[PDB]
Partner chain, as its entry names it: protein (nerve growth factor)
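Quick setup: one chain, the form solved without its partner chain, written in structure tokens, and binding and motion questions come after.
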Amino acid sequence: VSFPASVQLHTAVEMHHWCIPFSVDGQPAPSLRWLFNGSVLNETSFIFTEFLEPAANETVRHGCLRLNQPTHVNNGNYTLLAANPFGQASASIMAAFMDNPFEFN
């Protein structure tokens, strides 16, 4: 069972944590939904919505659709849809996180 403490460090590396910045306003507070290339994007533990802190001033809410482990499969068009009783809005953005994989001939 019992033995001495051992430890090991490696070369520091930058992760590929990305953020698609967004702002959302409306009262009552709207609901959000994302689309990836036109279809519902279901949030996982590696792709999820995250809000920044509320200013104390405005009604807006700022945040990120965070992507912690993106690869070329995640390259595409992203849309955020918001809706409240008084109206519905949408905004598109194209994003690329990694080049497309090399293919031989």
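Numbering follows the first chain given and starts at 1. Between two forms, the rigid core is the largest collection of C-alphas that superpose within 1.5 Å. Shifts are known only where both forms have a C-alpha.
There is another form of this protein, the form solved in complex with its partner chain, and it is not shown here; the text below is about that form.
Query raised in the report: Within 41-62, which residues come within 4.5 Å of its partner chain in the entry with it bound, counting heavy atoms only?
Result: The stretch 41-62, when checked against its partner chain in the entry with it bound, contributes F46, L52, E53, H62 at the 4.5 Å heavy-atom cut-off.
Report task. Using a rigid core alignment, state whether the CA of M15 is displaced by 2 Å or more between the shown form and the other one. Result -> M15: C-alpha displaced by 2 Å or more between the shown form and the other one.
Query - Sense of CA distance change between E14 and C19 in the entry with it bound, threshold 3 Å - result: Compared with the shown chain, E14-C19 is closer in the entry with it bound.
Report task. Specify closer or farther for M15 and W18: how their Cα atoms are spaced in the entry with it bound versus the shown form, given a shift of 3 angstroms or more. Result -> Compared with the shown chain, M15-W18 is closer in the entry with it bound.
Query raised in the report: After superposition on the rigid core, which segments of 3 or more consecutive residues show C-alpha displacements of 2 Å or more between the shown form and the other one?
Result: Shifted segment: 1-16, the only one.
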